[PDB]
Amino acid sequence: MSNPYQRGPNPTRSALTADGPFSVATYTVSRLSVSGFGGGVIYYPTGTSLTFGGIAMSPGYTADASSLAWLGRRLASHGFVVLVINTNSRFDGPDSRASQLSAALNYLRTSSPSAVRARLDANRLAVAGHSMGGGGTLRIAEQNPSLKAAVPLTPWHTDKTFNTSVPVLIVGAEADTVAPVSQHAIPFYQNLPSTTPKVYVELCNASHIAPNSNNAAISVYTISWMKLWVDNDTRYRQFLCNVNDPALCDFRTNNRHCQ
């Protein structure tokens, strides 16, 4: 076997900025059915009988899974099972959101409808989250080394050091005034262990709400990082190596993923 996990056509930067090749179905996880997180929406591939890796995603300065619907759908369409949670509360802090992400991942493994479980390879799991949720991503990554990848988006957290070996790609927003890049995203990046694969990208002319609507840069880098590590799909290395992107105002990496 070459790469059992590889999915979809050969990628072009262009295709990575709109919904991908797989058809997508959704399933609402009602708040009324689960314990350690609010509800959620699972986005998953139909029209295929391959299994995909799984992603749990936390919303940002709200409880609403709808705020990241575009990106749950987006990642799904490129070949993922994606559970976007609602949080228990509007005001849940990063560490509680880490708990909720944990619960959503267990939900995916143990509790999802048969339609979903069928598309899912529960051995290949990753996390993403906006803001507060992004801080959660770092915490949960620190606690579960078996996660494939973490993608914090304009992350916010009071703690600055996370001891994780999970590959991290952080998206900062240059004009973010709620989680300023130099007090949040960049410290997170710098404090990760030296041996962990990591990338920081900073969106020019974007604020904390940048992840809340369709966004080409967030799309390209999130899809590529997920593909690279969840799927071991090195065809995605090209979007994360020798990067040159006018959308970006900063780019930092230890370049372990270009090996």
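Start at 1 and count along the sequence shown; that's the residue number.
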May I ask you to compare 197-205 and 56-64 by their mean CA B factor in the entry and name the higher one? 56-64
Quick note on 161-169 and 111-119: per-entry mean CA temperature factor is higher in 111-119
Taking the chain's C-alpha temperature factors as the reference, tell me which third residue 83 falls into: lowest, middle or highest. middle
Lowest, middle or highest third of the chain for the C-alpha temperature factor of residue 104? middle
Comparing residue 90 with the other modelled residues of its chain, is its CA B-factor in the lowest, middle or highest third? highest
Per the entry's values, where does residue 248 land by CA temperature factor relative to the rest of its chain, in the lowest, middle or highest third? lowest
For residue 39, the third of its chain by CA B-factor is the highest
